[PDB]
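Only one chain is shown below, in structure tokens, and it's the form deposited in one PDB entry.
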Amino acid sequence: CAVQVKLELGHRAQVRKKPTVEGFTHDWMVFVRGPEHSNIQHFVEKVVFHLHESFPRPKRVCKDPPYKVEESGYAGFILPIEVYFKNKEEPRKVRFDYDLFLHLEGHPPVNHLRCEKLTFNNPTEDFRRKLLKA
């Protein structure tokens, strides 16, 4: 008995009124969430955000919602996002590569949304019940 769930991936990016001491020009926030009124905490063990190596401690872990990272920077990069599941079966996790892009000054702030579908063809009964609670 197969079950399908959706994950929304996205980010906001805004030019700062004043750069940081480091010269960071943008504030940004990247997130993973379920579609509105769905709680993916039922089946999500954790979300791991792999920032660019220039950031201190680039492996940002969110064990609880909201699964998000608020940061400042000066450039965009590829941000691998691992979503770990509350199970002990294949798959234990899924990985996406998120394009964390920033817009130049004068353009409206970035408000970007992606949707990814997760198909689980034969999950265990406990995992299926978690997926169906979201």
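We number the residues from 1 along the sequence you see.
There is also a form deposited with a partner chain bound; it is not shown, and the following applies to it.
*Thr20: touches its partner chain in the entry with it bound, heavy atom cutoff 4.5 angstroms*: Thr20: no, not in contact with its partner chain in the entry with it bound.
*asked:* Is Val94 part of the interface with its partner chain in the entry with it bound - any heavy atom within 4.5 Å?
replied: No, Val94 is distant from the partner.
*Within a 4.5 Å heavy atom cut-off, is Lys59 in contact with its partner chain in the entry with it bound?*
Yes, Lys59 sits close enough to its partner chain in the entry with it bound that at least one of its heavy atoms falls within 4.5 Å.
*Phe85 within 4.5 Å of its partner chain in the entry with it bound, heavy atoms*: No, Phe85 stays farther than 4.5 Å from its partner chain in the entry with it bound.
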